[PDB]
Every structure is written in C-alpha cells, then in structure tokens.
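Take a look at the structure below.
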Amino acid sequence: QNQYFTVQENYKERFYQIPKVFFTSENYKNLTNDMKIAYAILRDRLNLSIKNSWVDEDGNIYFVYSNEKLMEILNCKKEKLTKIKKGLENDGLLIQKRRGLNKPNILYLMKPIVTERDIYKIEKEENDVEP
Amino acid sequence: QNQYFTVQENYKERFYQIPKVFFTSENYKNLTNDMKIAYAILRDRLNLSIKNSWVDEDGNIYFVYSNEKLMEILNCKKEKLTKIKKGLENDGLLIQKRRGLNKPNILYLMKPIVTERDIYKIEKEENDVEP
Amino acid sequence: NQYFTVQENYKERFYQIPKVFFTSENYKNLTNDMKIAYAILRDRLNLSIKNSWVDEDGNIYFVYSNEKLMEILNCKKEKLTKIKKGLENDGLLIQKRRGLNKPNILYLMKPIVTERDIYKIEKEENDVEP
Amino acid sequence: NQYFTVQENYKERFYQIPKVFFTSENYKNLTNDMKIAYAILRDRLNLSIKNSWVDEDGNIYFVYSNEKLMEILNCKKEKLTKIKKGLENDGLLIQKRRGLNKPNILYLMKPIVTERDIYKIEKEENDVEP
C-alpha cells in the first residue's frame, strides 16, 4: 500500500551539497575537506540570504556574517575560519567586500568553474557501469 | 570567471514535481493533467505543513486546508477541486480524515506505488541514448 | 537502520515544471500539456548531453524526429505542433529547420523570472500559520 | 532567454552529505573523510541500480573490490579500512563477506534522525533576520 510523507523521511533527505568538480579540477585540488564542507554549508545558507533580502543591485546574493557567527555556522575555531576563508577566496569561490566604517563586511559565495576535463571526468564517473 | 549566485537563477530553479510513475503506471492512467499538477503543488505544500507542525503522532505530515483555501492554492473552481480530490483519493494518492465537530478535515498526501513495470519503463526512458 | 531501495529511488523521480509557469502573466497562455511537455523535455536535456547534442557555446539541444517527439510526449502530430508553437511563442523553445530530409534542431529555453514572480513565489513558499 | 548549458549542468552536480551528520551526537565520531565517502557512495547507489545490484527485497548494494573502492574514494588501503569501519560502527554501512576470492557485499544505510536532530536542523534552516 501507499506510504505517508513522514517528517523523519523529510529530514533524512536534507543535505549539504559539495560540487563534484571540487574532486576533479586541478584548480580545486588545494581545497581541504573543511573548505569543501564549509562551501556546501554556505550554499544552504544562500537560501537564508534570500530571506534576509541580502541581494545586491544586480541580484547577487550575499552574506552579512561576523567571524563569530561564521564560527558558529561552520563549527570551527578562529584559525580554521581564517584558513577556510583564504582557501575559498584564493580559488575564486569566495569574494569579500568591505563597505566601510558604516557597515559590516559582505561575503559573496561563488559558483565553481567547470572545464572540459571536469565534464569528461564526471561523465566517466556517473556512467561507470558493468559488465 | 566565476559567477555569482543570483536571485533570478534561484527562482528560475524552483519547480513543481510530478512523479514520473504517473505517466507509466496503469493505476495512474486515469489521472488528468490537473490531478497530476495539483499533486505536485500539494507536495511543495508538504514543506509548509512541516512548518505548521501539521505532523501526526506517527510522524505523518498532513494538511489542514479548507476547500476555499485549496481552491486558492490550486487556482481552480469548486467542481474542479472536487474532481481532483476524488481522482487522487481513488488512486490512493490522497487520504481524507474527519476529526469531528470540534475540528476541520485533515488531508494526507500519499507517495505513489511503483511496480517492476514502472521501474523498467522509467529506466528505459532515462537511458534512451544513441547511436 | 533503513536500506536504500529501488522502489524509493523511482518514487523520487520527477518531471519538473517551473513555478513561474503558474505565477507569471507571461506564461498564463500556456496549457497544461505545454507545461508538462516542457518538464519532460528538460529531463531529456540530460539525455542530450549523453548524445553529444551540445553546440559550440555549450548550449544543449534536441535533434528528435517528429515521430520520436510524439513518442516522448505521448501525443498525436496535431498536438505536437500545437505544443511546439505554444512553447515557441513564449520564448521557451527555439526551433531551427534543416530542411525536408532532417529533423529540426530544438533548443529548450529557461523561463523569465520577474520581481512579481519572485514575490508571488515567496508568498506561496512561506504561506505559514501561527 | 537563456540556454541550458553543459557547464551549468555539471556545475550543479553534487555529493550530498546528510545534515544530521553535523547535528546528531550519534554521528559526532565520524571524520570528514567518512562523511564525504558516504556522500560519494550514495551517488554510486545510482550506479548500482544500473548494474542490477538489487537484492530480493529491493535493497541496493555494492559489490566493488577493495581496489575499486580505493579508486572511487581516492584513498589508500589503510584509509579505506578505517572509513569502512567508521561507517559500519555508526550503522551507516553493512558489510557481508563472501570469502577470499570475492568482493564483500556492501549495503549503504540511511542515517537515523531524532527530534533533537530535527529541531537543530529546523533552527539552522530558519536562521533568519529582521
């Protein structure tokens, strides 16, 4: 017979999403496990940013989080937060904007870049069947 | 270069989901286009029901909607609402519970049933490549 | 603990209709068949990537015969033409003709989202209670 | 209007880690490698359905050699054993041994969700502002 929609099943199916290209691209080779996971967590927070009207003039969605709050969100210490921020920033996955004395710093999460090698590798992985 | 996460892109990627089995199974052959679409719309509302604490003792998620409200949600007239409700109910996709004089009627959306024929047909469709 | 089951896997396979099809004044003219056919073709986008149906700029397209499209959409020829035209008029489909012998190249298009669309979808998605 | 592009398609391919891995006291012991490896194997669940790796009750399983698992997880043997054991202890993996000649049958398992998990995830998912 049919099954109900259950709250247990609903929360079993909630995820943090790490882009597959983080595992194929040479550009994202330097990323640590924490950097990848933190990137996924921030993406889920993107939906929170849309609720906060944290959308700029061009429709770009951003974060207005203090380092303390980011430490809370990512469950990490201060040094780790700095290392993660730098790692993502250097790979072009995070952009930091300063708005001056009047305002707190803005954080922009960025989509990854995908090359033909990445596409080939992901296709290869996603269609690896047998015999 | 990298792209921002944009609110436009976010809302471009919001969907109503119709189960693929609605198009393969003999049991769901009788369903009209409106029944299928209404089923998808109610599923998105499932997330609203979790926010409303519309979860019963066994964790089953339900609706507490009046016919007027359902008419608003589904954008349909009264006769259409009745036809949709009956069609889904007869196919086991909707269960209606009466709680008496004290309370308004409860609606339970149900997951579809999938048979081996359904699985075969969906596999066939999802892997229909060439040459 | 629970297993991953094939029934649960195929229970969770869907055809996805963009919510804006129900909010925008622009897509008001679309019939139910047009909306569903659009959802079905999008799923087929994944098949097109497997078929190397990708142009120079990375745009994904279809090169299906009308008979094939009739099979995919489970419709007769008249219905197919009506659907193609309906989607085309709303900018959701671009059709290129390669002549009598060959099938048309079809480009499925993303819909347009306006602030009114965004507001109404926000309204729907947060339609909560005390 | 915009095209569907292959870059955008593969930009949107992910490995999914259950949120409860970060809230539950039960999964606190899991390392980052264990969580990621779990996400990767889940994606492989779709490959198992294609391989007819489905048992009598519809449960999806893996029959990959340790060399193959090492390739999939991009790890050495010691790491693989540590990951398998770590997932196994938390009930996220069931391992059946078919002897010296053959690879182990592996059942990936869904996690357990408690009310504390649900509450914390609700708290996270609705962490809004004025």
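Here's how to read the names in the structure tokens: chain A, B, ... by the order shown, residue numbers from 1 in each chain, ligand numbers from 1 in the order shown.
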Just list as a tab-separated table (two decimals) with C-alpha atoms, in the first residue's frame whatever in chain B DSSP marks as strand (DSSP E or B).
```tsv
chain	number	residue	atom	x	y	z
B	4	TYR	CA	27.54	34.96	-8.54
B	6	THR	CA	21.69	35.29	-8.30
B	15	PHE	CA	9.72	23.56	-9.55
B	16	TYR	CA	6.53	21.62	-9.02
B	17	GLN	CA	7.42	17.95	-9.19
B	18	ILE	CA	5.20	15.38	-10.84
B	19	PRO	CA	6.25	11.77	-10.16
B	55	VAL	CA	2.61	16.23	11.78
B	60	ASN	CA	2.87	11.58	9.16
B	61	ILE	CA	2.66	15.05	7.57
B	63	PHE	CA	-2.84	19.37	5.58
B	94	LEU	CA	-4.89	11.42	-1.14
B	95	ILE	CA	-6.49	10.33	2.16
B	96	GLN	CA	-9.18	12.43	3.87
B	97	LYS	CA	-9.69	12.21	7.63
B	106	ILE	CA	-7.35	16.63	7.64
B	107	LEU	CA	-5.75	15.85	4.27
B	108	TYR	CA	-2.93	13.33	3.87
B	109	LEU	CA	-0.95	13.33	0.62
B	110	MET	CA	0.42	9.88	-0.21
```
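Near residue 116 of chain A, within a cut-off of 10 Å and counting only C-alpha atoms, sit the residues residues 25, 114, 118, 119, 120, 121 and 122 of chain A; 6 and 7 of chain D, with same-chain residues fewer than 2 positions away left out.
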Item to check | Counting only C-alpha atoms, chain C residues within 12 Å of chain A, as JSON, numbers by chain | outcome: {"C": [1, 2, 4, 7, 8, 11, 12, 46, 49, 50, 51, 52, 58, 113, 114, 115, 118, 119, 122, 123, 125, 126]}
Output for the residues just chosen: N, CA and C atoms as a CSV table (one decimal), in the first residue's frame:
```
chain,number,residue,atom,x,y,z
C,1,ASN,N,18.5,0.3,10.9
C,1,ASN,CA,18.6,1.4,10.1
C,1,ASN,C,17.9,1.1,8.8
C,2,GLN,N,17.6,2.0,7.9
C,2,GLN,CA,16.9,1.6,6.7
C,2,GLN,C,17.7,1.5,5.5
C,4,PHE,N,18.6,1.6,1.3
C,4,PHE,CA,18.2,2.3,0.1
C,4,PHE,C,17.5,1.3,-0.8
C,7,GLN,N,12.5,0.9,-5.2
C,7,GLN,CA,11.2,1.5,-5.2
C,7,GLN,C,11.2,2.9,-4.7
C,8,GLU,N,11.9,3.2,-3.6
C,8,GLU,CA,12.1,4.5,-3.1
C,8,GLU,C,12.8,5.4,-4.1
C,11,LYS,N,10.4,6.2,-6.9
C,11,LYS,CA,9.3,7.0,-6.3
C,11,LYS,C,9.8,8.5,-6.4
C,12,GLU,N,11.1,8.7,-6.3
C,12,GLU,CA,11.6,10.0,-6.3
C,12,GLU,C,12.2,10.5,-7.6
C,46,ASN,N,19.0,16.0,-20.1
C,46,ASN,CA,20.2,15.1,-19.6
C,46,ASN,C,20.5,14.0,-20.7
C,49,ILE,N,22.8,15.6,-23.4
C,49,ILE,CA,24.2,15.7,-23.0
C,49,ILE,C,24.9,14.4,-23.3
C,50,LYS,N,24.2,13.3,-23.0
C,50,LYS,CA,24.8,12.0,-23.3
C,50,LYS,C,25.0,11.7,-24.8
C,51,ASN,N,24.1,12.3,-25.6
C,51,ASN,CA,24.1,12.1,-27.1
C,51,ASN,C,25.1,13.1,-27.8
C,52,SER,N,25.9,13.9,-27.0
C,52,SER,CA,26.8,14.9,-27.6
C,52,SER,C,26.0,16.0,-28.4
C,58,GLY,N,28.2,25.5,-25.8
C,58,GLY,CA,27.8,24.7,-24.7
C,58,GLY,C,26.3,24.6,-24.6
C,113,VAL,N,12.1,35.2,-15.1
C,113,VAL,CA,11.6,35.5,-13.8
C,113,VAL,C,11.6,37.0,-13.4
C,114,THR,N,10.5,37.5,-13.1
C,114,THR,CA,10.4,39.0,-12.7
C,114,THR,C,10.2,39.1,-11.2
C,115,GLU,N,10.3,40.3,-10.8
C,115,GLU,CA,10.1,40.6,-9.3
C,115,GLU,C,8.7,40.2,-8.9
C,118,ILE,N,8.9,36.5,-8.4
C,118,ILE,CA,9.7,36.2,-7.2
C,118,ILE,C,8.9,36.5,-5.9
C,119,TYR,N,8.1,37.6,-5.9
C,119,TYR,CA,7.3,38.0,-4.8
C,119,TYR,C,6.2,36.9,-4.6
C,122,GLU,N,7.6,33.7,-3.3
C,122,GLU,CA,8.0,33.9,-1.9
C,122,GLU,C,6.7,33.8,-1.0
C,123,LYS,N,5.7,34.4,-1.5
C,123,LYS,CA,4.4,34.4,-0.8
C,123,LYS,C,3.8,33.0,-0.7
C,125,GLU,N,5.7,30.1,-1.0
C,125,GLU,CA,6.6,29.3,-0.3
C,125,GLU,C,6.7,29.5,1.2
C,126,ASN,N,6.2,30.7,1.7
C,126,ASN,CA,6.2,31.0,3.1
C,126,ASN,C,4.8,31.2,3.6
```
**Contact set, chain C to chain D: 10 Å, only C-alpha atoms, as number ranges by chain** = C: 1-9, 42, 45-46, 48-49, 53-55, 57-61, 90-94, 107-112
Please produce a file of those selected residues containing N, CA and C atoms, as a compact mmCIF listing (two decimals), in the first residue's frame.
```txt
# COMPACT_ATOMS: atom_id res chain seq x y z
N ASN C 1 18.45 0.26 10.95
CA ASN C 1 18.57 1.43 10.08
C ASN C 1 17.87 1.07 8.79
N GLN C 2 17.59 2.01 7.88
CA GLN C 2 16.85 1.58 6.70
C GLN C 2 17.75 1.46 5.47
N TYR C 3 17.37 0.56 4.57
CA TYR C 3 18.10 0.38 3.32
C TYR C 3 17.75 1.44 2.30
N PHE C 4 18.60 1.58 1.29
CA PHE C 4 18.23 2.30 0.10
C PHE C 4 17.53 1.33 -0.83
N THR C 5 16.28 1.61 -1.17
CA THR C 5 15.52 0.68 -2.01
C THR C 5 15.23 1.26 -3.39
N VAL C 6 15.15 0.39 -4.38
CA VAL C 6 14.89 0.80 -5.75
C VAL C 6 13.49 1.41 -5.92
N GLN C 7 12.51 0.93 -5.16
CA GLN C 7 11.16 1.50 -5.20
C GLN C 7 11.21 2.94 -4.72
N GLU C 8 11.94 3.18 -3.63
CA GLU C 8 12.05 4.53 -3.10
C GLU C 8 12.80 5.43 -4.08
N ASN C 9 13.80 4.87 -4.76
CA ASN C 9 14.56 5.62 -5.75
C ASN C 9 13.67 6.08 -6.90
N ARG C 42 12.91 18.84 -20.48
CA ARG C 42 14.04 19.22 -19.62
C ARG C 42 14.81 17.97 -19.09
N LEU C 45 16.98 16.78 -21.36
CA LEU C 45 18.22 17.57 -21.57
C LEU C 45 19.34 16.71 -21.12
N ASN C 46 19.05 15.96 -20.06
CA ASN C 46 20.17 15.08 -19.62
C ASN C 46 20.48 14.03 -20.69
N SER C 48 20.31 14.55 -23.90
CA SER C 48 21.04 15.26 -24.96
C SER C 48 22.51 15.40 -24.63
N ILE C 49 22.83 15.63 -23.36
CA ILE C 49 24.24 15.70 -23.01
C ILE C 49 24.90 14.36 -23.28
N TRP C 53 24.75 16.20 -27.98
CA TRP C 53 23.93 17.23 -28.60
C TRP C 53 24.23 18.58 -27.94
N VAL C 54 25.50 18.99 -28.01
CA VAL C 54 25.95 20.24 -27.43
C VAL C 54 26.66 21.10 -28.47
N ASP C 55 26.23 22.35 -28.63
CA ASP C 55 26.82 23.18 -29.68
C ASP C 55 28.10 23.84 -29.20
N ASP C 57 28.91 26.76 -28.12
CA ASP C 57 28.89 27.58 -26.92
C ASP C 57 28.38 26.82 -25.70
N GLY C 58 28.25 25.51 -25.84
CA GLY C 58 27.82 24.67 -24.74
C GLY C 58 26.31 24.58 -24.57
N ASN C 59 25.56 25.13 -25.51
CA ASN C 59 24.10 25.05 -25.43
C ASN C 59 23.59 23.65 -25.82
N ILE C 60 22.69 23.12 -24.99
CA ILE C 60 22.15 21.78 -25.16
C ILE C 60 20.91 21.82 -26.05
N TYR C 61 20.84 20.91 -27.01
CA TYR C 61 19.74 20.91 -27.96
C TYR C 61 19.18 19.51 -28.23
N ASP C 90 6.17 31.67 -26.42
CA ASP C 90 6.53 32.16 -25.10
C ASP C 90 8.04 32.19 -24.88
N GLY C 91 8.81 31.91 -25.93
CA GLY C 91 10.25 32.00 -25.85
C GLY C 91 10.91 30.86 -25.10
N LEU C 92 10.15 29.80 -24.86
CA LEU C 92 10.66 28.66 -24.12
C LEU C 92 11.25 27.62 -25.05
N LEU C 93 11.03 27.82 -26.35
CA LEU C 93 11.56 26.91 -27.35
C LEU C 93 12.07 27.63 -28.59
N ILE C 94 13.27 27.27 -29.03
CA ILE C 94 13.81 27.82 -30.27
C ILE C 94 13.95 26.68 -31.28
N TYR C 107 15.99 23.90 -29.28
CA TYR C 107 16.64 24.43 -28.09
C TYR C 107 15.60 24.74 -27.02
N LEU C 108 15.63 23.98 -25.93
CA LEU C 108 14.76 24.30 -24.82
C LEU C 108 15.38 25.47 -24.06
N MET C 109 14.52 26.39 -23.62
CA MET C 109 14.95 27.64 -23.02
C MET C 109 14.49 27.74 -21.57
N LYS C 110 15.29 28.41 -20.74
CA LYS C 110 14.90 28.74 -19.39
C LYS C 110 13.83 29.82 -19.44
N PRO C 111 12.90 29.82 -18.48
CA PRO C 111 11.87 30.86 -18.40
C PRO C 111 12.42 32.18 -17.87
N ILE C 112 11.65 33.26 -18.01
CA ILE C 112 11.99 34.57 -17.45
C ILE C 112 11.36 34.75 -16.08
```
Self-check item: Residue contacts of residue 21 of chain D (8 Å, only C-alpha atoms) excluding same-chain residues fewer than 4 positions away, as a list in words
Solution: residues 17, 27, 28, 30 and 35 of chain D
- prompt: Do you know which residues are at most 8 Å from residue 80 of chain D counting only C-alpha atoms, after dropping those on the same chain fewer than 3 positions away, and could you put them as a PyMOL selection string?
  reply: chain D and resi 66+69-70+73+75-77+83-84
Nearest candidate to chain B (options A:93, A:84, A:21, A:101; using only C-alpha atoms):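 The shortest atom-to-atom distance to chain B comes from A:93.
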Check: Closest to residue 39 of chain B among B:87, B:13, B:124, B:79, using only C-alpha atoms?
Finding: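 Closest to residue 39 of chain B, using only C-alpha atoms: B:87.
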**Message:** Can you tell me which residues surround residue 52 of chain B at a distance of at most 9 Å, considering only C-alpha atoms, apart from same-chain residues fewer than 6 positions away, and format the answer as a list in words?
**Reply:** residues 128, 129 and 130 of chain C
Write the residues of the selection above to a file with C-alpha atoms, as a PDB file, in the first residue's frame.
```pdb
ATOM      1  CA  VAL C 128       2.605  29.546   7.054  1.00  0.00           C
ATOM      2  CA  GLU C 129       0.400  29.661  10.154  1.00  0.00           C
ATOM      3  CA  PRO C 130       0.687  30.502  13.884  1.00  0.00           C
TER       4      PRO C 130
END
```
| request: Mind checking which residues fall within 10 Å of residue 92 of chain A, counting only C-alpha atoms, ignoring those fewer than 5 positions away in the same chain, and posting them as a count of residues only? | output: 12
Restricting to only C-alpha atoms, whichever of B:78, B:43, B:20, B:36 is closest to chain A is B:43
Would you compute the distance between atom CA of residue 56 of chain A and atom CA of residue 22 of chain A? Give it in Å to one decimal.
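Result for atom CA of residue 56 of chain A versus atom CA of residue 22 of chain A: 26.9 Å, one decimal.
Here atom CA of residue 81 of chain C is placed at a distance of 12.4 Å from atom CA of residue 65 of chain C.
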* Identify, with DSSP run on backbone atoms, the residues in chain D assigned to alpha helix (DSSP H), and express the list as JSON, numbers by chain. => {"D": [6, 7, 8, 9, 10, 11, 20, 21, 22, 23, 32, 33, 34, 35, 36, 37, 38, 39, 40, 41, 42, 43, 44, 45, 46, 47, 48, 49, 50, 66, 67, 68, 69, 70, 71, 72, 73, 77, 78, 79, 80, 81, 82, 83, 84, 85, 86, 87, 88, 89, 115, 116, 117, 118, 119, 120, 121, 122, 123, 124, 125]}
